[PDB]
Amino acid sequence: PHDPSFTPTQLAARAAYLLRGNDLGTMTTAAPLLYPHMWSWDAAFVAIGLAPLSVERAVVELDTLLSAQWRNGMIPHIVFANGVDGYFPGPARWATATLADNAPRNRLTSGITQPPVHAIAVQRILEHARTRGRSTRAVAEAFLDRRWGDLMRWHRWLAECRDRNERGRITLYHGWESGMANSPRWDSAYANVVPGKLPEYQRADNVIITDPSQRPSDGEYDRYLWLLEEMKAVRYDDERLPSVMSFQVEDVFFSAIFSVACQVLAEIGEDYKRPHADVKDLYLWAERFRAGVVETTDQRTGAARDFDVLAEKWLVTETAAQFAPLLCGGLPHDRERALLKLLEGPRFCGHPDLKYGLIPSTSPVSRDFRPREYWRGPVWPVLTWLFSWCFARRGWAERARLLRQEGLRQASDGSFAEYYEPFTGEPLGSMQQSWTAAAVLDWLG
């Protein structure tokens, strides 16, 4: 074993083998043990990974997620597998089945949301299906007939209920909704979250990942679970969250993803003759959230800032989320060049100690940087994929290719890790993470 890496064909085979191994039947777990249920934006990436293998099964993945959509349009971030234990907080802790008027009737789910990457998976499914012939196109088109209305209600819930003041940015009531639990982005907002009488609990996550340097701290978990108590006390009522929640942030990365997803979904709606009023609403939201992202940006570097709604203060941190405007567009030409210089330079992809030319979750030169600790440093394959795909859509073919090339180099150990140590390449988090396999499958072609 002078070189432990796999060839492209061995790697693609092992990624497909993994994805089928994590398939419970109609949903794919995000990982074998650490995340043994369906997560919302993981499910979108899993559908992308399944599209080269089975358009029918990729569609089933999104059908299963959309069957758990709330009555008001929200897609919740966890759809729990029936009778499966081992993730905390579990269905009993959320108590949405009893408390939440809008929760679905034949599914157990969480009570918060996650980024709307789902339209992007729909586009990848359609692109695959169109290369495969008439009966496969029929399958993808029947999915659109079945779920276009549900996708619209999802986008409409985000635009009307999480952007109540039409600022063009998505408000979050939990850091988990950003997809980045312990990102330095949320530290000053979480410092203003003071738990009251928090019901006793024991973590499950650090029983599986026992190295304490790779997961959040107990104090952070106390704050994560307290926010659940605040939502539960108002029975997850959208109208009441602004009045009671101790955590209210506008997430600029989520907002930029939503801008892209609206434009993607509008293009799908035009291609497939969906209602014109829907397409118009989608294009309107795409531009509003593009403008809302650009309004946050640093006047010199173009870097995007999150916003603390309770403190009424811009949140200035050095994480990958600063590059949100690169995803959706809209910066003045001059400022977008400066932002690309930031991305490629020694604070991020050009840092000289990096093993791969990839985007660390937090800049290695930030004092918040921790090379092992979840979203505080490590390189995440899922972010590499999203940036590469969005860059290709901006027309930046060579930038997209370079990220794909380094992403595949990093993944060629076959660990399919959740995230990787930025300097040594050590695989961290869960092994056999479904969306890492999915990124590899989509890249390999």
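From 1 onward, residues are counted along the sequence shown.
Comparing the deposited coordinates for 117-125 and 91-99, the stretch with the larger average C-alpha B-factor is 91-99. Of the two segments examined, 356-364 and 188-196, it is 188-196 that shows the higher average Cα temperature factor in the deposited entry. Residues shown: 287, 251, 222, 177. Highest C-alpha temperature factor in the entry: 222. Of the candidates 263, 255, 109, 317, the deposited coordinates give 317 the top C-alpha B factor. Remark: residue 21 belongs to the lowest third of its chain, ranked by C-alpha B-factor as recorded. Among the modelled residues of its chain, residue 294 has a C-alpha B-factor that falls in the middle third, as given in the PDB entry.
Among the modelled residues of its chain, residue 73 has a C-alpha B-factor that falls in the middle third, as given in the PDB entry.
Among the modelled residues of the chain, residue 323 sits in the lowest third by CA temperature factor in this PDB entry. Sort the chain's modelled residues by C-alpha temperature factor and residue 227 lands in the middle third, per the entry.
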